[PDB]
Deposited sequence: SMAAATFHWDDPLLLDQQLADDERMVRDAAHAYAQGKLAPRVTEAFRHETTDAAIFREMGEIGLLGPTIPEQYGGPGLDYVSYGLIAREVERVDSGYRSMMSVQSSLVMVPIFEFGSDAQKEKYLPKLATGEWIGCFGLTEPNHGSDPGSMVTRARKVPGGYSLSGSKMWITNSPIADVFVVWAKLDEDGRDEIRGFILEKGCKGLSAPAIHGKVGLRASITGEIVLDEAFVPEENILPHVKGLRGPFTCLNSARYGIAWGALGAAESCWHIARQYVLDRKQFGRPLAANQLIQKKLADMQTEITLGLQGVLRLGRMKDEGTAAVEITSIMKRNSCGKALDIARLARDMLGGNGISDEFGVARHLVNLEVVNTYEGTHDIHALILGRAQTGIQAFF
């Protein structure tokens, strides 16, 4: 049999025909439309908002959302393959899609009323409306953002920390405390961009994820009508369902960025010489290439198996911790190995590696989680918590 160095376990042959078609559609879009934009977008710290309508047209937004609500009605393995192809170009583009799909469409679909689903989901699916998600606050290190009941609805006050998409978003899913019969309960609210008490100031000066627009959400007596509270969830289950979905996409995405770094490093050491032979002739270099290949190959079997289990309903949430932690950690290690194999300083095409690297350094710590995921798995094995 013939060896495929770039796909040793023939992942391509473990996919169904429809899945290969989705992967190929996502690849064609990412390489055709995102790859040409990324170098300038990252340099200037901007993003073309047109990307949402482009992705929506191809059916890449809300991959698991049924066709009834304008989604493409795909499964978790297809979601993963899409994330991998987008992040192969840039993690910032993957982040924008993660927010739209897992953090906005998912909670409206899972927890919203029929009216909310019919209004918001078709617009989010086409990318006509851009979404963002407001959860984390400075004091979380539970939450300060508060919905006060007023005639006709709720009045929200508080602020959420750097939210991807917020300065260009049309739709905001915000989690806030609501007094219910004397007790505070976490509830989700849908806000629209024109809300008087809502501001979404942009944040610039980022080191990583510069191709994605990021901002805050600031609420000062932001009125939300009664019909825009998510009726079918309360407590942490709401935001946690979203985060779980998003972390699955990140686990696949990180492997795409790792693959890009590996391919760049391999091509570089083939092209560059030292002492009259390619750098690839050195055992030390070959050892690094072997490690990159091994970890990506194993990582991919992991996320594929997880996707298959999620589609069957046999996947417990702890497995997401295994795979998110493994993909993000090993991807960062690979980007570092690749970076250390390059000479020069940022002018050449190979220094797309430096971009992947700073992106992965943010992604790995965007919640601050390689260590937290370890402790989730520790507790699951031992029945003893070591968080605090």
{"property": "Deposited-sequence stretches lacking C-alpha coordinates, listed in sequence order", "result": "1-4, 146-149"}
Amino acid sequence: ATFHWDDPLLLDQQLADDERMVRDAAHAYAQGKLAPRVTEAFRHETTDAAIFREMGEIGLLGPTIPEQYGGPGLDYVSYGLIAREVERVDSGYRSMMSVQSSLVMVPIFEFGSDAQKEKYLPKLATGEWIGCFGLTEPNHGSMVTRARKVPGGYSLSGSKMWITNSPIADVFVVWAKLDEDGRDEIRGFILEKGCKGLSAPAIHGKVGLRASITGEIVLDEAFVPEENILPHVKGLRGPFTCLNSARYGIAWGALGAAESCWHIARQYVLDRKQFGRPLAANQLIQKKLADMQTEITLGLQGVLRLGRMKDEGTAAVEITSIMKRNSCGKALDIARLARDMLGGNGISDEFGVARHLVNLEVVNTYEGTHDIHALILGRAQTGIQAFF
From here on, numbers count along this sequence of modelled residues.
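Definition used throughout: the rigid core is the maximal C-alpha set that superposes within 1.5 Å between two forms.
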| property | result |
| --- | --- |
| More variable segment, 39-47 or 353-361 [Cα RMS over structures in 5 other deposited structures of this protein, core-superposed] | 39-47 |
| In 5 other deposited structures of this protein, rigid core aligned: more displaced of 144-152 and 97-105 by C-alpha RMS | 144-152 |
| Test item: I347 lacks coordinates in at least a third of other entries | yes |
| At least a third of the other entries leave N139 unmodelled | yes |
| Residue stretch of maximal mean CA temperature factor, 283-291 vs 91-99 | 91-99 |
| Which of 82-90 and 145-153 has higher mean CA B factor, as the PDB entry lists it | 145-153 |
| Out of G194, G307, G299, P107, highest CA B-factor residue | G194 |
| Highest-ranked of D311, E259, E318, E185 once sorted by CA temperature factor in the record | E185 |
| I250 CA temperature factor, ranked by third within the chain | lowest |
| For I334, the third of its chain into which the C-alpha B factor falls | lowest |
| Among modelled residues of the same chain, the CA temperature factor third for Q116 | middle |
| Chain thirds of CA B-factor: placement of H140 | highest |
| Third assignment of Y268 from its chain's C-alpha B-factors | lowest |
